Structures are given as C-alpha cells and as structure tokens.
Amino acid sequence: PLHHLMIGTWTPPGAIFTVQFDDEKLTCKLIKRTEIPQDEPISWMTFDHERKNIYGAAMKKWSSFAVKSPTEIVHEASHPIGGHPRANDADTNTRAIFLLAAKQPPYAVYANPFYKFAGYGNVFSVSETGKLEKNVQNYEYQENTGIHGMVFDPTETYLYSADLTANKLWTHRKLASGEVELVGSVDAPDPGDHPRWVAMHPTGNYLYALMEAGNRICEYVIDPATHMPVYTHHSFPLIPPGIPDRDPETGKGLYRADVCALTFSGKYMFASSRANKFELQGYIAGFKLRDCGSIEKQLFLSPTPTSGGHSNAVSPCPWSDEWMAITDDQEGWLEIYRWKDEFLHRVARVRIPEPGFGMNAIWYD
C-alpha cells in the first residue's frame, strides 16, 4: 500500500513536499512540490486532528493550509507572531519555531515564537473547517523564554513547555475555552541542559524532556496533586558518552539534541541529536517504555548518515510501530526505517536537492 509524508524547509522559497512511500516495494518518490508564500518556508509542520489541515511555523508567520489529498494543499491563511510588539518587525530575529494542534475540542493551535522577543505563547482558534482563525490569546512566560516544543497530557487539560533559553519546564492548565493559565515551572536538572522537546506517555504518568545542550533525555513523573513534572533522576545519553563535544573556536557545544517521540504502541520512543559540523555524524536513539511509563532501558544509540544539519527530526508512523521517518537538511534526505525485533534498518529514501530541504516529516496516509 501507498503512504504519504509532507516535509517543509529551513530556507526560502517556501514549499511543502509530498513524498510517497510504498511499503511493499519499499521505495520513495517525491510526487509533489506545492508552492506556498515564497518567504514563508515551513520549518515545522503538523496536521490537525483529522489531517484535513496543515499548520506551520513559517519564519514570521503561522500559516494554515487545507489538505484535500496528498497532492492538493491550499494556502488558506498566514497570521503574524503575537506577544511582544517587536516580534513581527522585519528587523528582529524572532521566528515562528514550533506548533501544536489540539486533538480535542475546541481544536485550538498553540504556537511558540523563538529567539528574541519570544516571551509569549500564541493561541489560535480554528474555524468550523479547521483553518487558523484568530489569535485568541498571547499568554506570557518570561522575558527570557524560548519555548521550542510542547505537549499535552492525554486529557489535554495540561500543557507542558520546554523552555530552551530559560532552561526550564512550564506547566499550564487549558481552560475549556482553549485558553491557558499558568500553573508553574521547574528548572532543568542542570544549567547546561536546555529543554528543547517534551513527549507524553499515554497513561499520563510520565513525561520525557529532551535537553538540547545536555544531549540527553530526562525522565519526569507527573505529580497528580499538581500536574507538574518531577525529575526522577533518570537520564539517558543522546550522544556517545565521552565523545569530544566542545567547539575549540567557540567553547559552545558540537552537538545539539533534537526531538523525541513515542511510537504508535507507546512501548517505544525514538530520539535524535544533530552535530554542528557537516563532517560529524548525528545520532538516533531508541528506548523501551514500561507500561506505567518509566523508561525501561535504552535499546540503541547509533550514528545517522549525516550531521542532521538543523534537523535529524525523527517521525514515527502514528498508526504502526513498524515505520519511522527522519529528515536532514545537510544533504536533504527523507529516509524511512523499519522497526523490527527492536532493531532499526533503513528501507527507502529520497533526496531533495532544494534550499533548506529537510526540516520535519508528517504522516498523512
């Protein structure tokens, strides 16, 4: 049978690419390059609850597209970054970086600007058709903030945010209106961690926080009393222990962890990290999760084909543990791996020669 993935880019000209994966022949083909606002390339895209819409973090905009089929994607809107007044000036580096679409009513979209003037979250309501409708709220974090990823508890009552630059994890309560309200925050275990991503276990008992500079996954149990994550002291490496990781000409790290995501069954989780130089390899890791939610063990830590560039984002098939996609913008590959007997093996891939190609892949089909 055929499957389809959409992928965005880190650089203009903006476009959404549709790749087709044949799980029988085990091949990859680009079947469509859908043009979108030239200056609104999408570095992070996500589907709404019925995969009838695609929302994207697009440079200075939060865009919305209606999807009729893998090859019919129509731009329906592009909103500006809310919160701090200067977030939209074309002279500030503020950038739309992450986006999350609620799967339960009212299906609102929660978005995070990044870099300077990013001390707020942007909440958007959607129309009866799922189009990004109106910025209904700009809730504040702190002057310092740089959220790079969020996740809801299974009930979508609590929203957790990974604050990379403020080095902390925030907890918000989602009101019935879709609007949020602060509950609290916790600093990351170490000053050098820098939370970038967070994933949720299906029971709602555990949360996993990926530390970008710390290159590791930290385990959190969710306190039912407050709904806030508490560190269990368990962490796992996202880069080989002891690997040289300091740029001599910068003292800044050579590796930056990327993304973590659970597979369909909830029994596993894949994570990745990228290298800051093209001659270095990035890494991909796998974990097994106990039914109550704690991390049982790290199954693997292996080199990726490239440094991953700005990506190396892994994307598990939402309906089956069997497949996992990964994108890189160093060379521009969309690769597809098979998860079998707890070992990963590549089965197909395609290279897309375009500027900034390879930011993240999402499954439709």
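Quick note: we count residues from 1 along the sequence shown, nothing fancier.
Visitor: I need to verify one thing: averaged over C-alpha atoms only, is the B-factor higher for 324-332 or for 22-30?
Guide: The recorded data point to 22-30.
Visitor: Taking the mean of the C-alpha B-factors per stretch from the entry, tell me the winner out of 208-216 and 82-90.
Guide: Between 208-216 and 82-90, it is 82-90.
Visitor: Highest Cα temperature factor in the entry, among the options 263, 203, 112, 104: which one is it?
Guide: By C-alpha B-factor in the record, 104 ranks first.
Visitor: Specify which of 144, 281, 129, 272 carries the largest Cα B factor in the deposited PDB entry.
Guide: By C-alpha B-factor in the record, 129 ranks first.
Visitor: Taking the C-alpha B-factors as the PDB entry records them, is residue 349 in the lowest, middle or highest third of its chain?
Guide: Within its chain, residue 349 is a highest-third residue by C-alpha B-factor, going by the deposited values.
Visitor: Residue 66's Cα B-factor: lowest, middle or highest third of the chain?
Guide: Highest third, going by the recorded CA B-factors of the chain.
Visitor: Residue 41: which third of its chain by C-alpha temperature factor?
Guide: Residue 41: CA B-factor falls in the lowest third of its chain.
Visitor: For residue 59, return the chain-relative third of its C-alpha B-factor as stated in the PDB record: lowest, middle or highest.
Guide: Middle third.
Visitor: Among all modelled residues of this chain, ranked by Cα B factor, put residue 116 in the bottom, middle or top third, i.e. lowest, middle or highest.
Guide: For residue 116, the deposited C-alpha B-factor lands in the middle third.
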